[PDB]
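Below you'll find only one chain, the form deposited in one PDB entry, shown as structure tokens.
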């Protein structure tokens, strides 16, 4: 195998950012004139360019497709992908054969971006242009929210004929369903996306393939980043090759109407081969034959439908809904508006992160909405009383720290989804997770925490009240203060109140299941279904929390000694006196009086026999990789020194503070 890659933790560093450090995305994209931007984009779509002549004299459909391909790489498994930082500029995404001829679109949008510059990120534009194109044709969309930041280096990572080159509609139905289920799109949403997105535009296959050149990443230097140069005929325009199929779906390819489902359910479809050798479907009995317009103004075309678009006619659970839409268009417009809004905004986070004047004024359950604050927040003079009340409630530091971490470690920095906001660790999909230990001391902790707000709120000075979501994090901070005060350090953990409490109706139990950690390395948990070893999954978890190598190291080192790991297992607790935040985990695995040997009862744990032969410690794979990996052993030796205890405690407090406030986008 290959050694673990610590460069994944410090991805997208500051030195690669041309905008500097004093740059605020929201503070500027909240100031543009969206009407002016709409005018600029609308005059970019309708003016043809000789480098890529526009079909029908409208670049709209190209921009809709670019917006779909930008946001169509989201994965609910891991969260990475989607619009996000707009990675279809750098990554393999710009060189995939699936993304053919989308470099041209991003090139055509340069005149818009040139005018605005730093106050309009690429990620917005390639997702806004499409959303404007979809509205330029007469489909009143649902709303748009700017605010997805631009990034400066790539990351780590369905056939038009259906299966692997086999034209079959019923067989492509399951492929479409499975590839759209990874985006978390039910049958209605995926049918609406396929029907709506194909009422516009055409397919580009006018010439035989094998004449196009290489992708942008392996293209000649003089093409300026535009791969897939075609040598067929003129090369571009009427002779453009992008996927090798020549399908034009509707007779109105630059206007929204119910002309897709009427063609699909109107003719009988028979199989035929594209001019470039691809499989497609054409109307049987020569029906049509000169009804669909030609982009450059030549002779008309017989009706033609792709191999996967016919699925919506043979799959019963697609056929039912699409036939209903054929009898009811306004439902199709509604479903497509909502599905498109979900598609381009799925990996963007809480509602408090959308910007601009187009953002809708309603809560959609797929956003995991949390209520707005209905009272003045708890003041600093009053979090002291509440902190003391928590510290004198009989709850051990282990229980409080474990509960606070369990609440606030379900965050996905890739998806901005999860976190401690909303107070969902009390709710059904999350109180029952195995790592959280629904048994034991989570119901007890939650009860003794919500019997504290029940007393504080009733006997409160004015309108000031505290929410449960704040109470779990405040208990974590109180426990850390109590622990550090036992190691001799008098510190205060920073705490910014404001979290609210989400009821059960606003929590989608089905949605909050991919958030479940199959392996949380900080709590020393390793469930089944893990693809990689333990240390790699800890590294992945740390990357998701947007943690760096020093923060991850100090966090695990302090979190073992604080006693917040799975089932209170004594794995990696390298301290004699627990319930105290000290330096002991680092200074005890650098000890060379201890010889680490795998446990004879093979279960993936190691036991470090002392000098005299007695077993002193008992680590695990996650714990011992810090003493083994050279570039993590380098970091352990920083906190394992003799003078670096106060530095360690302040670094742990900083990392804990960073983790608790990951989800706080409202402040």
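Only the largest set of C-alpha atoms that superpose within 1.5 Å between the two forms is called the rigid core. Numbering follows the first chain given and starts at 1.
The form deposited in another entry is left out here; the points below concern that form.
*Asks:* Have a look at 178, 508, 268, 597 and give me the residue whose C-alpha moves 2 Å or more between the shown form and the other one, with the fit done on the rigid core.
*Replies:* It is 268; the other listed residues stay below 2 Å.
*Asks:* Return yes or no for residue 453: a CA shift of at least 2 Å between the shown form and the other one, with the rigid core superposed?
*Replies:* False for residue 453: its C-alpha shift is below 2 Å.
*Asks:* Using the rigid core as the reference frame, would you say residue 258 shifts its C-alpha by 2 Å or more between the shown form and the other one?
*Replies:* For residue 258, whose C-alpha is compared between the shown form and the other one after core superposition, the shift is 2 Å or more.
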